[PDB]
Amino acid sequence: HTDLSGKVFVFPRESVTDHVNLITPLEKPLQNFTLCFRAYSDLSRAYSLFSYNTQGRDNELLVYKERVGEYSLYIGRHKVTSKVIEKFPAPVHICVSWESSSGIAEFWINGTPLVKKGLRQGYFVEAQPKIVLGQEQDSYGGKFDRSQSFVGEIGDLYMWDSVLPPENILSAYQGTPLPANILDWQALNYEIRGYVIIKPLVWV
């Protein structure tokens, strides 16, 4: 219930402590989802963008940046990776959807679709998650790793319990996202832990 429109979280340093917890009242396992957000980082090493863990389940839903031009999604421990030509460093808009019935994961980078990949067909992503920005969880809420920490800025984060069609991905990219029912940047419940600063978004 905080509207962060026009603002970003800044993770201004590398650490094993700095992070934001995102709170969602999700109690039903997910068959489908889409996650979109905007990020600006000049890290060359790998890092976690979005870490969603549940009780007894590490890497239940994880968006991980392997290196420049390579984006990975983990579902239930398994992963897929797709490549893109991108400038570095540069602000980026990232969406990824996943659909249990087919296992298909769709990444979109700056409104451009990456090659589809597939994993975990028939799997249900569990609910009552702990969701962390800034660090990658290895436990339910913790066990961070400095070498996976995100340094930079994140904004405009939305998560839906459905697979967005292309037009709705583009809406989000263009700054007019459709209402989101899992996480909503315009009505976000979060906890800052450590050194995270909220600043205006100046790089769009």
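Position 1 is the first residue in the sequence shown; the rest follow in order.
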Greater mean Cα temperature factor according to the PDB record, 73 to 81 or 123 to 131
123 to 131
So 12 to 20 or 186 to 194, which one's hotter by mean CA B-factor in the entry?
186 to 194
For the C-alpha B-factor as written in the entry, point me to the maximum among 41, 31, 148, 51.
31
Largest Cα B-factor, entry values, listed residues 156, 136, 153, 66
66
Once the chain's modelled residues are ordered by C-alpha B factor and cut into thirds, is residue 88 in the lowest, middle or highest one?
highest
By the record's CA B-factor, is residue 164 among the lowest, middle or highest third of residues in the chain?
highest
In terms of the chain's CA B-factor thirds, is residue 144 lowest, middle or highest?
middle
Using the B-factors in the PDB entry, rank residue 202's C-alpha atom against the chain and give the third, lowest, middle or highest.
lowest
Assigned third (lowest, middle, highest) for the C-alpha B factor of residue 26:
highest
